[PDB]
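As structure tokens, the structure follows; a few thoughts come after it.
Here the Cβ positions follow ideal geometry from the backbone for every residue, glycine too, while neighbour counts run over all protein chains shown. Readers should treat all values here as calculations from the given coordinates under stated rules, not as data from a laboratory.
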Amino acid sequence: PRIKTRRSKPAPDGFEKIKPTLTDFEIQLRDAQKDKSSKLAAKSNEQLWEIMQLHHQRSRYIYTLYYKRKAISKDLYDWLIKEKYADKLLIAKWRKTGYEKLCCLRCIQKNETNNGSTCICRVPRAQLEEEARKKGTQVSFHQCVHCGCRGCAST
Amino acid sequence: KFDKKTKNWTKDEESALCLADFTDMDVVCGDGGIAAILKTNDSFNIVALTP
Amino acid sequence: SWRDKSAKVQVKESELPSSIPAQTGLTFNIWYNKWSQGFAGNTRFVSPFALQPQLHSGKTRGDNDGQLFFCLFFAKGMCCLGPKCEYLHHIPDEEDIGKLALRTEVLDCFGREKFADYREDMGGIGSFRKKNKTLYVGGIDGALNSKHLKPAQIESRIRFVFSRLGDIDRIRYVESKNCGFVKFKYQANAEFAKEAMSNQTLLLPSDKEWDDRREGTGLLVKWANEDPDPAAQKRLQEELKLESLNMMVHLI
Amino acid sequence: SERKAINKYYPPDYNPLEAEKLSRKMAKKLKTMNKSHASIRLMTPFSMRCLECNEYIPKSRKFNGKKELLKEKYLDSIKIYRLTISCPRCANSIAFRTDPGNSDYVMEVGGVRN
Amino acid sequence: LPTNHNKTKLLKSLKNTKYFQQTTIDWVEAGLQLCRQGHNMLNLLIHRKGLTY
Amino acid sequence: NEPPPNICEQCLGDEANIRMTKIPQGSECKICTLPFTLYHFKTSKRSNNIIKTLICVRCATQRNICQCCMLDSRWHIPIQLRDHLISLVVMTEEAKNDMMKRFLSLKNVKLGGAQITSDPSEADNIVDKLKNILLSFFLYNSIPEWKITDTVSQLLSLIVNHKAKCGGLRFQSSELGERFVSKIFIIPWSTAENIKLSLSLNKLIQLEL
Amino acid sequence: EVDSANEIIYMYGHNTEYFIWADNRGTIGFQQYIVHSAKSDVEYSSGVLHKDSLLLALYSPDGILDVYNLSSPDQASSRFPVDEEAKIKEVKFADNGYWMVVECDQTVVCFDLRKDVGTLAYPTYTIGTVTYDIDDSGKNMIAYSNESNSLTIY
Amino acid sequence: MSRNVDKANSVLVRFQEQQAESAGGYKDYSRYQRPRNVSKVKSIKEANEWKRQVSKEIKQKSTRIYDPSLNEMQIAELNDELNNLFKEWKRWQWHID
Amino acid sequence: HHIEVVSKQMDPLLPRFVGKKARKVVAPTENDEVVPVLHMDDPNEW
Amino acid sequence: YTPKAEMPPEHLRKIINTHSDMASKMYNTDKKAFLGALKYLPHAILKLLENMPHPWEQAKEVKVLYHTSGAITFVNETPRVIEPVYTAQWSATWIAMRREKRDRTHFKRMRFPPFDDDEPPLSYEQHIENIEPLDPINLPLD
Ligand SMILES: [Zn+2]
Ligand SMILES: [Zn+2]
Ligand SMILES: [Zn+2]
Ligand SMILES: [Zn+2]
Ligand SMILES: [Zn+2]
């Protein structure tokens, strides 16, 4: 979230109900945002991954309540979007087909990657597993370096 | 276990039995759980393999 | 049997894996991570950890995926990743060595570039030019906290530590030089051993100076400059000849 | 970083008096500062001969000497100093004293003035 | 009179890479980051130069 | 202008498509310590750990070796060994010096042997020539412990000094030893005369220092 | 670096130019001088100093409790009788100046220091799911029970 | 504080050194004079350092005393100095540990 | 065997050409063929 | 092509915090990156300065690019305004300032620098949580 500066009205109707759920998130974030003296690259990456997951989760919760459950007013949702709470682009992506389970947006920036493609997470476990079986080796990848996303795919 | 990647029998677990020489055996397993029937020339022991 | 012995490892937990430097100097240089404005301190300090491999060695995240290279940290005895480590945690067996024997010229069993020229002190990660399986052991006085031991005892201790770590070819303690030459079958194994036993105490729990093993300076484990006395040389030559013969056979 | 530097950085806890005291405590232990024959650069006013190898070091020739305090002062409250030199060729310790009665120097078992 | 050719500003080029990513930040926070980052840079460079004093 | 990378068949992989990136003046070559383009390929897409080129193309050419494997381009043998074989039928002396190594690298002579390996004529001839040329218990009475251990295992801590020639095997189990005896180079418990003498001599030698 | 082959087992600083240290063999020193030398026949794991700063009790779990007088080096320590099976957890000197309270695993022995060595202030009566502690007066006790998760005051 | 010595023994530097000694244990055994009477050094590390320093000094002495003008009296003097150094070294090899 | 070369976009902060470090390099002349240096044909004054 | 992922600020913050006590063989390359970044630090400064929140603004949110290494952070947006509106705003601010001057017997001018040379500038995480930033400069309307 951003800081309130009397720009937007404090909150629409149903914020008081959801606020305590997404205020747990804030605590988690706070725990995350600090020097965990990781002393090690992988460990360091893990905290970032965790943070990313947390970010995703809040958005999902919001998204779930507004679209799937539909228990929150449109206005409130809009307000949330305007604030830093939800991710707008991510939500949009989710709403689109084939991107519903989506760890993060930068796992589908095809420009970013060295090989002109999407993140592996986006490959359904099924396909990778099949490939592995064909080869001889076991399941090859666990989670990507952008965000911890073991089997991000929509399956 | 016969391993599907490595293509051979690989050692998975070992258990000590607390108690003649068993010259034969049969494994059973169903939903109930895995048993080994251990046989001598004239007697047998049914041993369960539990978690 | 590391596979069916265990899965878990967790050698030294990520709470306490290491403090970063040890104070030489006055001020701490952020770019080199080394203390500056002074150099007083023998610097080599004994490893807080060690590879008790029978206990530690296990399946890793690497084993499943098909990693070639073994875990330096595991060897040292401080791989906080443990089962989620991508590098292998076991003493290099023969099969593994065979598998990575293509690459073993250019880089070590740890997957890190062997150099063209040896370091002047023969101190680390041997050259790709000279293949070697032969470790200089030194600072055994310092590694045992200046203990009045029998050379034989020392030799035995060395054997105990090193046999466990890899398939031994042959070992020699020397009173005059005050050293311990070890030779292995496989270069990779030797490398692993070196990694392990760098900065390690040779002492045991049963000894009276166990609680002050940290205050000493560890084993100075390095690469072996070939033995000049003639029988050894002859043996080496013979070995080389044999190798050549084998190569020829392979070719034809 | 520059010779005309106005203010040297101090740590956030630097009790200056305390620091001074500490320094003093670790000045008796100190190697340099707790010694005599502290160095100096000086030209030679006497223009003299090095007594061992007869090397004729002339007037105004520059040397890295050692200035040391002579405990026995001149009169009362005006100090006099021994000013050590080495001859260029042979490494014989020449020196001289500055007795200010004549507004000049005195040779001290090193060489002879001429 | 300015560049006819150069469309490619600095930021755009950076964006075109994978190494930069972008957020929305409070300006004070950004400033703080700059101060810290900048400070780090100046220390790091200095330490590299060897002058740690 | 740039020449192409010299990566061997076994070095590179078993597949009909590999993607690699070139990094111009990436690293310094290990031999020469002189900037050159790193090629680094992943072999199979998903198979872990990259294969970066460790040497400059020129140096590779000189030694006639894989830029990854550091092995003979032709026979896939370590430079020493390949050169040694040729000698048997002169070897390279890489000059391990800051300045001189670079100079050596820049020279283009094919150091030593490399020429022979390169040419079908010469390599083949060498091979032919080579072919022609070709055509508890103490233990007493040199060979390595890894062989001894293997032997012991087959028969089913193992100390052996060589100056002594006195191998004190300690299975630490009465079962292992009693199996070991029945299933079967003097081997007691915890030209014979000649052997004894030799052993004694060895012992003496061990004990004088 | 203290000059003793034996592990230092007691170190206290509010004795005020000197601190006191003690060996597991009963070497007691001020840092400097040694008021008592190492014995061959004891092992201590801890110590406690009396408020008048002259009596030092050294002790171990197994029942050894020896009181030393720091004012006279030539005075032999006093051995206090504690049965060996009752594990000594802690020793405190009470505020009154004359109770030495010995907190054992399941029981408390309180010695009266005015009287012959071994004289109790009161008889020992017992009151492994319960830890406890006594205040400096030696007359208040809080006991915790791990079964009921509760604090009882005695 | 020209000529470097002054700078070295400037108060700030001294303070810094003291701080270092306090926290981490950086001493410069070059910087302080080695003590005359051993057995006023309970720590082992310190003793070792002192020994090392004396060895270094001895080595330095040795290096210079084989200079070409051998008949000069400085060399002769050093010969006694060398002996003294050796003696000191020997002393430092005391048998407490 | 056919093989695809690529150039990966390195980060714009890190040194572009991490290989080079202003190294001195003596080169051999490598003149194998021999230049013919051809020509034709009072000392106290000169 | 496809636009940049709008990342969370949290991630950025975390990255920043990690590279405070940076002295391992881990992030060797991050130090290099940092060193490189000096090239663009003046640009960054220019950007940040340009985005300065105007006195009619409690706190400006701003677009930010940042190297994933944590070496440099550019304010990305370039602040454009409706010129007449901007002018009006400035005028209003001026008026407010004048009013303040009229009011106050002593006007507490800042001390410089605002934080001590010893004291390292507080992270933003000390005062996200703090109370609503006090009211900015906008005159009493009608
Ligand atoms: Zn994903
Ligand atoms: Zn993702
Ligand atoms: Zn992904
Ligand atoms: Zn590991
Ligand atoms: Zn190859």
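A compact table of results
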{"item": "Residues located in region C:50-82, provided they are over 27 Å from residue C:213 (Cα atoms) and either within 16 Å of the chain's Cα centre (by Cα) or within 10 Å of ligand 4 (Cβ to nearest atom) (or both)", "result": "C:60, C:61, C:62, C:69, C:70"}
{"item": "Hey, residue J:119 away from chain A (no Cβ under 13 Å), in a loop (DSSP other than H, G, I, E, B), in contact with a strand residue (DSSP E or B) (Cβ under 6 Å, 6 or more places away or on another chain) and not β-branched (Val, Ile, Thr) or not", "result": "no"}
{"item": "Leading residue by the ranking (nearest to ligand 3 (Cβ to nearest atom)) among those in region C:53-103 that are of a type outside the set (A, V, I, L, M, F, W, C), assigned to a loop (DSSP other than H, G, I, E, B) and farther than 17 Å from residue B:6 by Cα", "result": "C:86"}
{"item": "Breaking point among (1) within 11 Å of another protein chain (Cβ to nearest Cβ); (2) within 30 Å of residue E:44 (Cα to Cα); (3) surrounded by 18 or more Cβ atoms within 10 Å (Cβ to Cβ); (4) away from ligand 4 (no atom under 15 Å from the Cβ), for residue C:47", "result": "(1)"}
{"item": "Residue that is farthest from residue C:86 (Cα to Cα) [pool: residues in region F:16-50 that are polar (S, T, N, Q) and not in a strand (DSSP E or B)]", "result": "F:33"}
{"item": "Residue within region C:83-97 that is more than 18 Å from residue A:136 (Cα to Cα), in contact with a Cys (Cβ under 6 Å, 6 or more places away or on another chain), more than 14 Å from every other protein chain (Cβ to nearest Cβ) and of a type outside the set (D, E, K, R) present", "result": "yes"}
{"item": "Residues (more than 9 Å from ligand 1 (Cβ to nearest atom) and either of a type in the set (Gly, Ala, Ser) or under 18 Å from the mean Cα position of the chain (by Cα) (or both)) located in region A:119-129", "result": "A:123, A:124, A:126"}
{"item": "Region A:2-36: number of residues that are under 24 Å from residue E:23 (Cβ atoms) and either charged (D, E, K, R) or facing chain J (nearest Cβ under 9 Å) (or both)", "result": "17"}
{"item": "Any helices (runs of 4 or more DSSP H) falling wholly within region H:1-77 and containing at least 3 residues that are within 14 Å of chain C (Cβ to nearest Cβ)", "result": "H:11-22, H:44-65"}
{"item": "Unmet requirement for residue J:41, which otherwise passes all of (1) in contact with a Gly (Cβ under 7 Å, 6 or more places away or on another chain); (2) more than 7 Å from every other protein chain (Cβ to nearest Cβ)", "result": "(2)"}
{"item": "Subset of region B:1-33 [in contact with a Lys or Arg (Cβ under 8 Å, 6 or more places away or on another chain) and either within 14 Å of another protein chain (Cβ to nearest Cβ) or aliphatic (A, V, I, L, M) (or both)]", "result": "B:4, B:9, B:10, B:11, B:12, B:25"}
{"item": "Entirely in region G:1-111, the strands (runs of 3 or more DSSP E) that have 2 or more residues that are among the basic types (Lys, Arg)", "result": "G:88-93"}
{"item": "Every pair of residues 6+ apart whose Cβ atoms lie under 8 Å, when the first sits in region F:10-34 and is within 30 Å of residue I:27 (Cβ to Cβ) while the second is within 16 Å of ligand 3 (Cβ to nearest atom)", "result": "F:21/A:114"}
{"item": "Residue check, residue A:58 in contact with a helix residue (DSSP H, G or I) (Cβ under 7 Å, 6 or more places away or on another chain), assigned to a helix (DSSP H, G or I) and away from ligand 5 (no atom under 16 Å from the Cβ)", "result": "yes"}
{"item": "Of residues in region A:140-155 being of a type outside the set (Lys, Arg) and loosely packed, with under 14 Cβ neighbours inside 10 Å, the one farthest from ligand 5 (Cβ to nearest atom)", "result": "A:154"}
{"item": "Failed item, numbered, when residue F:30 is tested on (1) over 30 Å from residue A:142 (Cα atoms); (2) over 17 Å from the mean Cα position of the chain (by Cα); (3) of a type outside the set (A, V, I, L, M, F, W, C); (4) crowded, with 23+ Cβ neighbours inside 10 Å", "result": "(4)"}
{"item": "Options F:101, F:107; residue that is over 23 Å from residue C:243 (Cα atoms) and either of a type in the set (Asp, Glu) or part of a loop (DSSP other than H, G, I, E, B) (or both)", "result": "F:107"}
{"item": "Filtered residues of region F:151-181 (kept if among the basic types (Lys, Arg), within 12 Å of chain C (Cβ to nearest Cβ) and either out of contact with any helix residue (DSSP H, G or I) (no Cβ under 9 Å at 6 or more places or on another chain) or surrounded by fewer than 18 Cβ atoms within 10 Å (Cβ to Cβ) (or both))", "result": "F:163, F:170"}
{"item": "Options C:59, C:76, C:114: the member that is in contact with a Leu (Cβ under 8 Å, 6 or more places away or on another chain), under 24 Å from residue C:12 (Cα atoms), surrounded by 19 or more Cβ atoms within 10 Å (Cβ to Cβ) and of a type in the set (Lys, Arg)", "result": "C:76"}
{"item": "Sole exception among (1) away from chain C (no Cβ under 11 Å); (2) farther than 26 Å from residue C:251 by Cα for residue F:114, by number", "result": "(2)"}
{"item": "Qualifying residue in region J:38-50 (condition: more than 20 Å from residue C:21 (Cβ to Cβ), under 17 Å from the mean Cα position of the chain (by Cα) and assigned to a loop (DSSP other than H, G, I, E, B))", "result": "no"}
{"item": "Region A:104-139 - residue that is small (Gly, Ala, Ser) and either farther than 25 Å from residue I:8 by Cα or away from ligand 3 (no atom under 14 Å from the Cβ) (or both) and, of those, surrounded by the most Cβ atoms within 10 Å (Cβ to Cβ)", "result": "A:132"}
{"item": "Any hit, region F:86-96, residues being over 18 Å from the mean Cα position of the chain (by Cα), within 13 Å of chain I (Cβ to nearest Cβ) and either of a type outside the set (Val, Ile, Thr) or farther than 20 Å from residue F:108 by Cα (or both)", "result": "yes"}
{"item": "Scan of region J:51-81 for residues that are more than 14 Å from chain A (Cβ to nearest Cβ), under 24 Å from residue A:6 (Cα atoms) and assigned to a strand (DSSP E or B), ordered by number", "result": "J:75"}
{"item": "Condition check for residue A:80: in contact with an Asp or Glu (Cβ under 6 Å, 6 or more places away or on another chain), away from ligand 4 (no atom under 16 Å from the Cβ) and either in a helix (DSSP H, G or I) or over 21 Å from residue A:22 (Cα atoms) (or both)", "result": "no"}
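Conditions (1) within 11 Å of chain J (Cβ to nearest Cβ); (2) over 18 Å from residue C:64 (Cα atoms); (3) within 16 Å of ligand 4 (Cβ to nearest atom); (4) in a loop (DSSP other than H, G, I, E, B), marked per residue:
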position: A:92; (1), (2), (3), (4): yes, yes, no, no
position: A:98; (1), (2), (3), (4): no, yes, no, yes
position: A:112; (1), (2), (3), (4): yes, yes, no, yes
position: A:116; (1), (2), (3), (4): yes, yes, no, yes
position: A:126; (1), (2), (3), (4): no, no, no, no
position: A:129; (1), (2), (3), (4): no, no, no, no
position: A:133; (1), (2), (3), (4): no, no, no, no
position: A:149; (1), (2), (3), (4): no, yes, no, yes
